[PDB]
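Okay, so here's the structure we're looking at.
In what follows, every chain begins at residue 1, and chains take the letters A, B, ... in the order their sequences are listed.
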Amino acid sequence: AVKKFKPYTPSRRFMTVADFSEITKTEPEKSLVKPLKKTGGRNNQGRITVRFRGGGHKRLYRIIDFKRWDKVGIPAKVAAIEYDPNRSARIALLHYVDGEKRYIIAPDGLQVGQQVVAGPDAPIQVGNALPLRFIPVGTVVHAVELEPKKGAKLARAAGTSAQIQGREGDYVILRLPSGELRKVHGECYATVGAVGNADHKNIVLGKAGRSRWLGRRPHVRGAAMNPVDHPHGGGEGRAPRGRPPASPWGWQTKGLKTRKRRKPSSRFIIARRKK
Amino acid sequence: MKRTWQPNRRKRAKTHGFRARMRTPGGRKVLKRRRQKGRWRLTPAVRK
RNA sequence: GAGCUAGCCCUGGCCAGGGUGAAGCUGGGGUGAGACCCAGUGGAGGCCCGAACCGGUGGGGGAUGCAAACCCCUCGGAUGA
RNA sequence: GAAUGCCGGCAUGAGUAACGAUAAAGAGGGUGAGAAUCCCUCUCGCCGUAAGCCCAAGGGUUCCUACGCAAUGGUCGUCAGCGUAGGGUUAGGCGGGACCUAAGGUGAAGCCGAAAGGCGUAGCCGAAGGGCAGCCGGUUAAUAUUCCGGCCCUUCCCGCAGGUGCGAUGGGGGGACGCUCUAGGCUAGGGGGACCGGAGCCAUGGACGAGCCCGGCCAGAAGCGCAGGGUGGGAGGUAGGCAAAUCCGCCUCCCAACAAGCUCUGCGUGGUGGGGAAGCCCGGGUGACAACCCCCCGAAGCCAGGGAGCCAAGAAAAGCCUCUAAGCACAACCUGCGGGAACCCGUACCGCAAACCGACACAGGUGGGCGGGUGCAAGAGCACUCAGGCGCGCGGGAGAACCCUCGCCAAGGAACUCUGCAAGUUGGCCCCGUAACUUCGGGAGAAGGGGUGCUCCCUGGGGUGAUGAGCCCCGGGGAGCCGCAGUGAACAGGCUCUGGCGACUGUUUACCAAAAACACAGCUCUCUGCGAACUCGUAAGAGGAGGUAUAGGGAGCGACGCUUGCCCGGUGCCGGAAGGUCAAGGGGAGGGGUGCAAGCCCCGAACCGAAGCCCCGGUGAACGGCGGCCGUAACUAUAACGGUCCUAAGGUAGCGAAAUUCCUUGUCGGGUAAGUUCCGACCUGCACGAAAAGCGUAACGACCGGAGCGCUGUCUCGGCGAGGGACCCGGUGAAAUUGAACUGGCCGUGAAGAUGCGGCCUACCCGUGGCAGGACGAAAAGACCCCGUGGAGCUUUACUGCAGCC
RNA sequence: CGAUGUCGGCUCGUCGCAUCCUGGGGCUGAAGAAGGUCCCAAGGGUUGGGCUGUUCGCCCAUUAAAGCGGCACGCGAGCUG
RNA sequence: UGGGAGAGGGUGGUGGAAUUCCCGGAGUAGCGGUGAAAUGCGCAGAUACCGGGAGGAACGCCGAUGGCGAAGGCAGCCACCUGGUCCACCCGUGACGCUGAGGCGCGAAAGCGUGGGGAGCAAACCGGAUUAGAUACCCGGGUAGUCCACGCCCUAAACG
RNA sequence: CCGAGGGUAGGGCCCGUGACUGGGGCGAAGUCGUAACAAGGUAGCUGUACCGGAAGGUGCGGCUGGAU
RNA sequence: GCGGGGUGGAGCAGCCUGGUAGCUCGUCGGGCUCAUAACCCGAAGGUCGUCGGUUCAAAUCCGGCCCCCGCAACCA
Ligand SMILES: *C(=O)[C@H](CCSC)NC=O
Ligand SMILES: [K+]
Ligand SMILES: [Mg+2]
Ligand SMILES: [Mg+2]
Ligand SMILES: [Mg+2]
Ligand SMILES: [Mg+2]
Ligand SMILES: [Mg+2]
Ligand SMILES: [Mg+2]
Ligand SMILES: [Mg+2]
Ligand SMILES: [Mg+2]
Ligand SMILES: [Mg+2]
Ligand SMILES: [Mg+2]
Ligand SMILES: [Mg+2]
Ligand SMILES: [Mg+2]
Ligand SMILES: [Mg+2]
Ligand SMILES: [Mg+2]
Ligand SMILES: [Mg+2]
Ligand SMILES: [Mg+2]
Ligand SMILES: [Mg+2]
Ligand SMILES: [Mg+2]
Ligand SMILES: [Mg+2]
Ligand SMILES: [Mg+2]
Ligand SMILES: [Mg+2]
Ligand SMILES: [Mg+2]
Ligand SMILES: [Mg+2]
Ligand SMILES: [Mg+2]
Ligand SMILES: [Mg+2]
Ligand SMILES: [Mg+2]
Ligand SMILES: [Mg+2]
Ligand SMILES: [Mg+2]
Ligand SMILES: [Mg+2]
Ligand SMILES: [Mg+2]
Ligand SMILES: [Mg+2]
Ligand SMILES: [Mg+2]
Ligand SMILES: [Mg+2]
Ligand SMILES: [Mg+2]
Ligand SMILES: [Mg+2]
Ligand SMILES: [Mg+2]
Ligand SMILES: [Mg+2]
Ligand SMILES: [Mg+2]
Ligand SMILES: [Mg+2]
Ligand SMILES: [Mg+2]
Ligand SMILES: [Mg+2]
Ligand SMILES: [Mg+2]
Ligand SMILES: [Mg+2]
Ligand SMILES: [Mg+2]
Ligand SMILES: [Mg+2]
Ligand SMILES: [Mg+2]
Ligand SMILES: [Mg+2]
Ligand SMILES: [Mg+2]
Ligand SMILES: [Mg+2]
Ligand SMILES: [Mg+2]
Ligand SMILES: [Mg+2]
Ligand SMILES: [Mg+2]
Ligand SMILES: [Mg+2]
Ligand SMILES: [Mg+2]
Ligand SMILES: [Mg+2]
Ligand SMILES: [Mg+2]
Ligand SMILES: [Mg+2]
Ligand SMILES: [Mg+2]
Ligand SMILES: [Mg+2]
Ligand SMILES: [Mg+2]
Ligand SMILES: [Mg+2]
Ligand SMILES: [Mg+2]
Ligand SMILES: [Mg+2]
Ligand SMILES: [Mg+2]
Ligand SMILES: [Mg+2]
Ligand SMILES: [Mg+2]
Ligand SMILES: [Mg+2]
Ligand SMILES: [Mg+2]
Ligand SMILES: [Mg+2]
Ligand SMILES: [Mg+2]
Ligand SMILES: [Mg+2]
Ligand SMILES: [Mg+2]
Ligand SMILES: [Mg+2]
Ligand SMILES: [Mg+2]
Ligand SMILES: [Mg+2]
Ligand SMILES: [Mg+2]
Ligand SMILES: [Mg+2]
Ligand SMILES: [Mg+2]
Ligand SMILES: [Mg+2]
Ligand SMILES: [Mg+2]
Ligand SMILES: [Mg+2]
Ligand SMILES: [Mg+2]
Ligand SMILES: [Mg+2]
Ligand SMILES: [Mg+2]
Ligand SMILES: [Mg+2]
Ligand SMILES: [Mg+2]
Ligand SMILES: [Mg+2]
Ligand SMILES: [Mg+2]
Ligand SMILES: [Mg+2]
Ligand SMILES: [Mg+2]
Ligand SMILES: [Mg+2]
Ligand SMILES: [Mg+2]
Ligand SMILES: [Mg+2]
Ligand SMILES: [Mg+2]
Ligand SMILES: [Mg+2]
Ligand SMILES: [Mg+2]
Ligand SMILES: [Mg+2]
Ligand SMILES: [Mg+2]
Ligand SMILES: [Mg+2]
Ligand SMILES: [Mg+2]
Ligand SMILES: [Mg+2]
Ligand SMILES: [Mg+2]
Ligand SMILES: [Mg+2]
Ligand SMILES: [Mg+2]
Ligand SMILES: [Mg+2]
Ligand SMILES: [Mg+2]
Ligand SMILES: [Mg+2]
Ligand SMILES: [Mg+2]
Ligand SMILES: [Mg+2]
Ligand SMILES: [Mg+2]
Ligand SMILES: [Mg+2]
Ligand SMILES: [Mg+2]
Ligand SMILES: [Mg+2]
Ligand SMILES: [Mg+2]
Ligand SMILES: [Mg+2]
Ligand SMILES: [Mg+2]
Ligand SMILES: [Mg+2]
Ligand SMILES: [Mg+2]
Ligand SMILES: [Mg+2]
Ligand SMILES: [Mg+2]
Ligand SMILES: [Mg+2]
Ligand SMILES: [Mg+2]
Ligand SMILES: [Mg+2]
Ligand SMILES: [Mg+2]
Ligand SMILES: [Mg+2]
Ligand SMILES: [Mg+2]
Ligand SMILES: [Mg+2]
Ligand SMILES: [Mg+2]
Ligand SMILES: [Mg+2]
Ligand SMILES: [Mg+2]
Ligand SMILES: [Mg+2]
Ligand SMILES: [Mg+2]
Ligand SMILES: [Mg+2]
Ligand SMILES: [Mg+2]
Ligand SMILES: [Mg+2]
Ligand SMILES: [Mg+2]
Ligand SMILES: [Mg+2]
Ligand SMILES: [Mg+2]
Ligand SMILES: [Mg+2]
Ligand SMILES: [Mg+2]
Ligand SMILES: [Mg+2]
Ligand SMILES: [Mg+2]
Ligand SMILES: [Mg+2]
Ligand SMILES: [Mg+2]
Ligand SMILES: [Mg+2]
Ligand SMILES: [Mg+2]
Ligand SMILES: [Mg+2]
Ligand SMILES: [Mg+2]
Ligand SMILES: [Mg+2]
Ligand SMILES: [Mg+2]
Ligand SMILES: [Mg+2]
Ligand SMILES: [Mg+2]
Ligand SMILES: [Mg+2]
Ligand SMILES: [Mg+2]
Ligand SMILES: [Mg+2]
Ligand SMILES: [Mg+2]
Ligand SMILES: [Mg+2]
Ligand SMILES: [Mg+2]
Ligand SMILES: [Mg+2]
Ligand SMILES: [Mg+2]
Ligand SMILES: [Mg+2]
Ligand SMILES: [Mg+2]
Ligand SMILES: [Mg+2]
Ligand SMILES: [Mg+2]
Ligand SMILES: [Mg+2]
Ligand SMILES: [Mg+2]
Ligand SMILES: [Mg+2]
Ligand SMILES: [Mg+2]
Ligand SMILES: [Mg+2]
Ligand SMILES: [Mg+2]
Ligand SMILES: [Mg+2]
Ligand SMILES: [Mg+2]
Ligand SMILES: [Mg+2]
Ligand SMILES: [Mg+2]
Ligand SMILES: [Mg+2]
Ligand SMILES: [Mg+2]
Ligand SMILES: [Mg+2]
Ligand SMILES: [Mg+2]
Ligand SMILES: [Mg+2]
Ligand SMILES: [Mg+2]
Ligand SMILES: [Mg+2]
Ligand SMILES: [Mg+2]
Ligand SMILES: [Mg+2]
Ligand SMILES: [Mg+2]
Ligand SMILES: [Mg+2]
Ligand SMILES: [Mg+2]
Ligand SMILES: [Mg+2]
Ligand SMILES: [Mg+2]
Ligand SMILES: [Mg+2]
Ligand SMILES: [Mg+2]
Ligand SMILES: [Mg+2]
Ligand SMILES: [Mg+2]
Ligand SMILES: [Mg+2]
Ligand SMILES: [Mg+2]
Ligand SMILES: [Mg+2]
Ligand SMILES: [Mg+2]
Ligand SMILES: [Mg+2]
Ligand SMILES: [Mg+2]
Ligand SMILES: [Mg+2]
Ligand SMILES: [Mg+2]
Ligand SMILES: [Mg+2]
Ligand SMILES: [Mg+2]
Ligand SMILES: [Mg+2]
Ligand SMILES: [Mg+2]
Ligand SMILES: [Mg+2]
Ligand SMILES: [Mg+2]
Ligand SMILES: [Mg+2]
Ligand SMILES: [Mg+2]
Ligand SMILES: [Mg+2]
Ligand SMILES: [Mg+2]
Ligand SMILES: [Mg+2]
Ligand SMILES: [Mg+2]
Ligand SMILES: [Mg+2]
Ligand SMILES: [Mg+2]
Ligand SMILES: [Mg+2]
Ligand SMILES: [Mg+2]
Ligand SMILES: [Mg+2]
Ligand SMILES: [Mg+2]
Ligand SMILES: [Mg+2]
Ligand SMILES: [Mg+2]
Ligand SMILES: [Mg+2]
Ligand SMILES: [Mg+2]
Ligand SMILES: [Mg+2]
Ligand SMILES: [Mg+2]
Ligand SMILES: [Mg+2]
Ligand SMILES: [Mg+2]
Ligand SMILES: [Mg+2]
Ligand SMILES: [Mg+2]
């Protein structure tokens, strides 16, 4: 439910922020936070290996439970819903009746003070985790393991979901957030419901400064550089690409498919992505 | 204006120091070369 | 060789004073309920003016210099990328 | 004898420039061989959010003292950061270590790499972060939170008493966190006192005063008081915190819940210990039995881990507390008291600078804290001034040109010039007032104006206090006074109209470009299903991301508005299990060598045989591209219309002599006395055009145009004046350059521009201040240009390789 | 080419004369006035503006007249840029 | 008070037919289209047929000359929430009425903003025909849009 | 003090005029096509959108003032 | 300067490879129509820009002159 601003500055004219209404707890669980180590896109060689990053707000990483088969049959109460600066999704606090506390990512509609549970015999209610094979065909679902007991890998971003489409053998068939049709093993867990905070994409950063707060350093166009730097470098005055549009490293960047062809997972992808 | 030499005893010792030299193959050759030449000091003076 | 300089990481510090007056909140009006309007409150902002601080626009001087880039006048930013 | 040779030595320029901020000096008295320069006194000027004080880094004896002046000091020197020598730096509490972790670094396990080595969880290392016990004064020539004095405190060891299930590297709590705004109460600091203490002072016309001048505190355990911070208590269950657990987490029940209580900090008080001015004497004495009090202002600091709001969501680990586990419960720990024990390193001095970084005692650079008073709305701004600290290590004269920095200027007022460049103007505050347009915020300080001092009188409100006085802070009204002038000094916008470009704040070529360039929110295309794609790396391993398609990579475009047309023939990319081509390999018609022969050996056709290519499609916010000629209307002219050739298709909307228009100052209109620029139009657009986006667009701009008002020394057109130089005298004393020089004009000649040749003319010898026509003056072995089968960056459908990928 | 700095402006001139003006003439299709055209003459003079980097040119308002050219398209160890 | 008819409205959910596409099968030389054709699709295996899958949109028969609403308009089925309206009884208030400048709300399609969705259809657009031309009518394609949500637009042969 | 009015500055309404530009009315015998009136040879009309030398065409929905 | 062109009335083939001129439109006669267009049937018209050369023979190949279209005209 994105908030607008009056144009009392040039940048407030367009800037929009999240409403934060669902958030019920404005400081994290101390037992569940650890320092997020900023990299700046630099690897253990010290080299920038992902460009244009750094200088973002300091963050604490909130440990999220991407297993949940960890605790079959033990119900938890939804103590709170909290801000997580490491994701687009909001996170939910779970007070397990175990007395154990854990974070999961908050599905849409999950209300604070409700109960959730995980396991083969869990109800089909928003917030619950089941192996895929026990979730009714047609059910919208998020936080999906790609392989059994390996961790939730699919559909974690704000507002996202995967829909179960049908089954084949030990496998079920998902339509991913991307629209790809993939077979995923039936013993893979997933949580019923779509990820919450769907209005996330309607946010209008509004000014250069917000990108900077997110650790996003300014991206500089190839066309703006010199031949030593980029295929699109140089030219007298402005210049069109003058060759197939390319990356800094020379490979073509308008249409060139890059999925490794002989990849074993090919046997499991039914249909490549949507739009 | 601000010039290029900005002394820093810790910086000097950790960068050109004996122990930094001994850790690296190129650094040992330095000591070896400076010994062979007969340098009075193998490593920059710095008071620590 | 990154004690200059460029980017990033970690940990600290700094930003006189003045001006403008967003949302929200309260009250009042309004209406079926509302939207909404008015006052007060409030104190937002790569908001305004202007020291420190960071700059280096125009002009003058300097030109075997005070200086291998400086000095004077003027000017830019000054809670922010 | 030449190599712009090399090393050295010494000349020339020259007693020349200069002597390093224009904050500034003068005199007296000392010392001494010698004094503008050292010491002392008085007078004068300068800084005073520093040019004062404290810490940090860096420096490393430079500190203090004696004795010295050859060199160092831009002069001098008796002086010195200089020479010689002697002395000087004292800690359980300050800083660091014997504590903790951050990035990072290292690295038992493990992984990888021809070697060297690379990586790597834990662990270790790593600080200006966490944690941890000292304050005030006195003392030395020089150290002091260090020595001394006073009053405090910490840890370790051992002992005694009391208490308790004691015990950890393990479990848990806590430590523990942002930005902005901010409440209460304090303290730092400051203002005032008709009160308290003080040596005095009465001047020059007046004042012996409720007069002047000076000062009126600092630290302090326990207790107490004020203000705050932190914190529920009890019970039952328990599968979770990788063993255990009474702890913690979760569930329920009682009680206490804006508290109280317990606790911990700040501030006040506090036994007590200190300190204590001017002035006058000789750093010291005196003052002095010093006094040590009241009121006001009041922090950004303290209580603090306070409160509120916001989104971008804000370290770790130890100390500490609690829980237990092996163990041990003659132990062990907790509390209190006592005695003992308590190590290593730093500590001098400079520290916005003459001691650091700049080759210099260099107008530059250098992080943190304190930074007093008055007045100007405020303030760290500005002027003056306190404490303190300085007059910048050449001086004395002179009173030219000219240069710099500065002040003024009759009449005119941009006529200057590429350009109002520069310099004027304007300038703070209060009040009145304020347009087009607009995204409704703005434009806006629009524009424009009026007020501003002082005195007397009347009065409204707030803080403190008490509800009053006093002090303090906002104001209101009336009557007056003076000057040319009242933000009387200093600090402190010129304005408007209209275009182009870029939305905007930002960013940039350190040291000739700050822009229209880069970035930017936003728009689109495209890749990527996660051991992601992509990137770095031989690899392992990292980044991506402890992220998961509302995500991440790459690319173009660049807020927003209204929009973004046609061409897929070529190139690219995407799709296509047919076909064609295609290497190694398979196959083996069939030949060849050799051997007596079995055999050994070699060649070899059809045929099966991948990707790539061909071929078949698709695809433009992929690379890109978007015609020619001829004719036609009832005046003329022009063609809505037609003919035909070509193409993959012939440029749509919008815009247009434009940041694009060659002809060009196109033509017409506007503005001007006059307009190659400007603005508005027209359209035969040499050679706009739609995300290398098209056309607009409020706001913004140290961007680039055009105009006007204001006002000016820009100019007509110059004048005068000030200071620093230039000039003269004393001191110190460079430089580039230089074949040698006894170095004139003209007209000729000459390798074609002659002081140097010819002829003629002119000319006594030598300087000083000036000016720049020549010495094809200096500087730099021309950057332009060419040449070299010279070099380097860059590009591609140049060649040939290689990585990578298939 | 081991360097001979370039347009235009400014400043400062100096020279030529194929004379723009002023002085002196002859011829005229010279009535006067005013012109044409040629001759002599370089002594002096030869303006201020708008446009443009401009020289040049055009234009405004004047003038006796608004001359042309050389001096490294005179002059950057004189300035501008 | 008691009753009735109804595509009146909003929300949530759900069923079958058909189309398109994908997968498997079986199968061969054309399909498709028109006035006739061509473009297009098809031996790289199309069409026609069977089984499987995904998705969107519209609801055949009932269905009417019908019903509802103030108008625009509303049609599978289910449930919830809700408006209007008619009838009966003759029970209650006792003229509380009519109209209505302004105002406010609703308002087909198209259109617009932001997300989503996208089978069929289809402005624009391309191609094949026709024609003197054919920027048309006809044919093969095809982008918005048509659909959902929120927010605008507020027009009409909004007509009886 | 007020005060005619003068001056400075900024606004509002109106009128005239303006390179050029936009459609409009009219104009005996121009050019192009043939949209409408017959089912006008694609029934027409319509609001709206888009497109095209032009009339128009086409989409979506509506109307009969539509032939049969 | 380099490249390409000139041919019935209009716009284009033929040139390369010598002997041959062709396509659409226009024009002319006829037809259909009441009439015109459209349409249908027949027909005329070039002598290849020009001059000179090569050859038995020149639109065709070589050279010149004339035009037209395009591209270039750069470095100080
Ligand atoms: C030519 O103009 C040249 C300038 C060099 S531009 C790189 N100078 C010649 O003397
Ligand atoms: K060049
Ligand atoms: Mg923790
Ligand atoms: Mg590393
Ligand atoms: Mg390394
Ligand atoms: Mg990268
Ligand atoms: Mg961030
Ligand atoms: Mg960019
Ligand atoms: Mg570039
Ligand atoms: Mg560039
Ligand atoms: Mg490089
Ligand atoms: Mg390249
Ligand atoms: Mg390029
Ligand atoms: Mg370029
Ligand atoms: Mg270009
Ligand atoms: Mg460029
Ligand atoms: Mg391009
Ligand atoms: Mg190109
Ligand atoms: Mg690749
Ligand atoms: Mg440094
Ligand atoms: Mg150091
Ligand atoms: Mg260091
Ligand atoms: Mg070392
Ligand atoms: Mg040495
Ligand atoms: Mg030695
Ligand atoms: Mg060494
Ligand atoms: Mg650095
Ligand atoms: Mg450094
Ligand atoms: Mg900080
Ligand atoms: Mg400060
Ligand atoms: Mg600031
Ligand atoms: Mg402030
Ligand atoms: Mg504010
Ligand atoms: Mg600001
Ligand atoms: Mg400057
Ligand atoms: Mg200036
Ligand atoms: Mg210089
Ligand atoms: Mg020199
Ligand atoms: Mg200044
Ligand atoms: Mg300023
Ligand atoms: Mg500020
Ligand atoms: Mg400012
Ligand atoms: Mg010789
Ligand atoms: Mg030499
Ligand atoms: Mg040599
Ligand atoms: Mg030498
Ligand atoms: Mg000499
Ligand atoms: Mg002399
Ligand atoms: Mg001399
Ligand atoms: Mg000198
Ligand atoms: Mg000097
Ligand atoms: Mg004196
Ligand atoms: Mg002396
Ligand atoms: Mg002396
Ligand atoms: Mg002295
Ligand atoms: Mg002061
Ligand atoms: Mg030193
Ligand atoms: Mg000496
Ligand atoms: Mg001496
Ligand atoms: Mg001596
Ligand atoms: Mg000396
Ligand atoms: Mg000396
Ligand atoms: Mg010196
Ligand atoms: Mg002496
Ligand atoms: Mg001590
Ligand atoms: Mg020890
Ligand atoms: Mg450690
Ligand atoms: Mg270390
Ligand atoms: Mg520390
Ligand atoms: Mg911290
Ligand atoms: Mg300590
Ligand atoms: Mg002391
Ligand atoms: Mg005991
Ligand atoms: Mg215990
Ligand atoms: Mg413990
Ligand atoms: Mg934390
Ligand atoms: Mg904030
Ligand atoms: Mg105190
Ligand atoms: Mg005060
Ligand atoms: Mg006092
Ligand atoms: Mg005393
Ligand atoms: Mg005494
Ligand atoms: Mg035991
Ligand atoms: Mg025992
Ligand atoms: Mg105990
Ligand atoms: Mg020890
Ligand atoms: Mg000390
Ligand atoms: Mg400092
Ligand atoms: Mg000093
Ligand atoms: Mg020194
Ligand atoms: Mg140096
Ligand atoms: Mg000095
Ligand atoms: Mg200095
Ligand atoms: Mg005053
Ligand atoms: Mg002030
Ligand atoms: Mg001085
Ligand atoms: Mg000074
Ligand atoms: Mg001096
Ligand atoms: Mg002097
Ligand atoms: Mg003199
Ligand atoms: Mg004057
Ligand atoms: Mg004027
Ligand atoms: Mg004037
Ligand atoms: Mg002017
Ligand atoms: Mg100008
Ligand atoms: Mg100026
Ligand atoms: Mg002024
Ligand atoms: Mg407005
Ligand atoms: Mg004003
Ligand atoms: Mg006065
Ligand atoms: Mg001022
Ligand atoms: Mg100002
Ligand atoms: Mg222009
Ligand atoms: Mg900009
Ligand atoms: Mg820019
Ligand atoms: Mg733009
Ligand atoms: Mg814009
Ligand atoms: Mg740039
Ligand atoms: Mg630069
Ligand atoms: Mg440069
Ligand atoms: Mg440099
Ligand atoms: Mg500059
Ligand atoms: Mg530039
Ligand atoms: Mg700028
Ligand atoms: Mg955009
Ligand atoms: Mg690589
Ligand atoms: Mg990670
Ligand atoms: Mg991205
Ligand atoms: Mg932009
Ligand atoms: Mg950009
Ligand atoms: Mg761009
Ligand atoms: Mg607009
Ligand atoms: Mg194409
Ligand atoms: Mg293609
Ligand atoms: Mg194609
Ligand atoms: Mg193949
Ligand atoms: Mg493109
Ligand atoms: Mg092309
Ligand atoms: Mg005609
Ligand atoms: Mg078009
Ligand atoms: Mg269009
Ligand atoms: Mg034009
Ligand atoms: Mg023009
Ligand atoms: Mg152009
Ligand atoms: Mg030209
Ligand atoms: Mg032009
Ligand atoms: Mg031009
Ligand atoms: Mg013109
Ligand atoms: Mg003109
Ligand atoms: Mg005019
Ligand atoms: Mg211009
Ligand atoms: Mg024209
Ligand atoms: Mg492009
Ligand atoms: Mg371009
Ligand atoms: Mg524009
Ligand atoms: Mg604008
Ligand atoms: Mg604009
Ligand atoms: Mg700007
Ligand atoms: Mg600017
Ligand atoms: Mg400007
Ligand atoms: Mg002057
Ligand atoms: Mg003077
Ligand atoms: Mg000397
Ligand atoms: Mg000689
Ligand atoms: Mg001689
Ligand atoms: Mg000659
Ligand atoms: Mg000569
Ligand atoms: Mg001679
Ligand atoms: Mg001779
Ligand atoms: Mg001679
Ligand atoms: Mg002579
Ligand atoms: Mg002299
Ligand atoms: Mg002289
Ligand atoms: Mg000279
Ligand atoms: Mg000269
Ligand atoms: Mg001179
Ligand atoms: Mg000369
Ligand atoms: Mg030079
Ligand atoms: Mg050389
Ligand atoms: Mg050379
Ligand atoms: Mg050179
Ligand atoms: Mg040359
Ligand atoms: Mg060669
Ligand atoms: Mg050669
Ligand atoms: Mg070469
Ligand atoms: Mg070369
Ligand atoms: Mg090369
Ligand atoms: Mg030369
Ligand atoms: Mg030379
Ligand atoms: Mg030279
Ligand atoms: Mg030169
Ligand atoms: Mg006459
Ligand atoms: Mg006469
Ligand atoms: Mg004559
Ligand atoms: Mg004359
Ligand atoms: Mg003359
Ligand atoms: Mg001119
Ligand atoms: Mg000329
Ligand atoms: Mg001209
Ligand atoms: Mg006359
Ligand atoms: Mg002449
Ligand atoms: Mg010439
Ligand atoms: Mg000349
Ligand atoms: Mg010159
Ligand atoms: Mg010059
Ligand atoms: Mg010049
Ligand atoms: Mg010269
Ligand atoms: Mg010269
Ligand atoms: Mg076959
Ligand atoms: Mg009744
Ligand atoms: Mg009514
Ligand atoms: Mg509607
Ligand atoms: Mg609609
Ligand atoms: Mg067609
Ligand atoms: Mg026809
Ligand atoms: Mg009807
Ligand atoms: Mg009057
Ligand atoms: Mg018709
Ligand atoms: Mg019709
Ligand atoms: Mg018809
Ligand atoms: Mg019809
Ligand atoms: Mg047409
Ligand atoms: Mg159409
Ligand atoms: Mg041919
Ligand atoms: Mg008849
Ligand atoms: Mg006929
Ligand atoms: Mg012949
Ligand atoms: Mg012939
Ligand atoms: Mg032939
Ligand atoms: Mg060139």
### Query
Have A/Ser265 and A/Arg259 got a donor and an acceptor in their side chains that come within less than 3.5 Å?
yes
### Task
For residues A/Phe268 and A/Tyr171, establish whether the separation of their ring centroids is below 6.0 Å.
yes
### Message
Looking at A/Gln125, I'd like to know if its CD atom is crowded, meaning that more than 12 non-hydrogen atoms belonging to other residues, nucleotides or ligands lie closer than 6.0 Å.
### Response
no
### Task
May I have the step-by-step check of side chain to side chain contact (heavy atoms under 4.5 Å, CB included) for A/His219 and A/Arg51, ending in yes or no?
CA-CA 8 Å; A/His219 190 126; A/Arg51 307 181 298 151; 3.8 Å; yes
### Plane angle bin for A/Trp249 and A/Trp251 - parallel if under 30°, tilted between 30 and 60°, otherwise perpendicular
parallel
### Message
Among residues at least two apart in sequence or on other chains, which ones pass side chain to side chain contact (heavy atoms under 4.5 Å, CB included) with A/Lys67?
### Response
A/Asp65, A/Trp69, A/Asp70
### Query
Does B/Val46 offer a backbone N or O that forms a donor-acceptor pair with the side chain of B/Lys48 under 3.5 Å?
yes
### For A/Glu22, the option from A/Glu82, A/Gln111, A/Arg90 that meets side-chain contact (heavy atoms from CB on, under 4.5 Å)
A/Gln111
### Query
How far does CD1 of A/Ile23 sit from CG of A/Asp84, to the nearest 0.5 angstrom?
10.0 Å
### Query
Can you find a heavy atom in the side chain of A/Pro120 that is under 4.5 Å from one in the side chain of A/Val72?
yes
### Task
Give a yes or no on whether the backbone of A/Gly151 and the side-chain of A/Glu145 come within a donor-acceptor separation of less than 3.5 Å.
yes
### Summary
With sequence neighbours left out, the residues meeting ring pair (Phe, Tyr, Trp, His ring centres under 6.0 Å) with A/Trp213 are none
### Query
Closest approach of A/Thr160 and A/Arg156, non-hydrogen atoms and distance?
OG1-N, 3.5 Å
### Message
Go through it in stages, so that I can follow the logic: the residues are A/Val50 and A/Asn43, the test is side chain to side chain contact (heavy atoms under 4.5 Å, CB included), and I'd like the CA-CA distance, side-chain angles, deciding distance and then a yes or no.
### Response
CA-CA 9 Å; A/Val50 172; A/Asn43 72 337; over 6 Å; no
### Task
Could you tell me whether a side-chain N or O of B/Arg47 sits under 3.5 Å from a main-chain N or O of B/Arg9, the two making a donor and an acceptor?
no
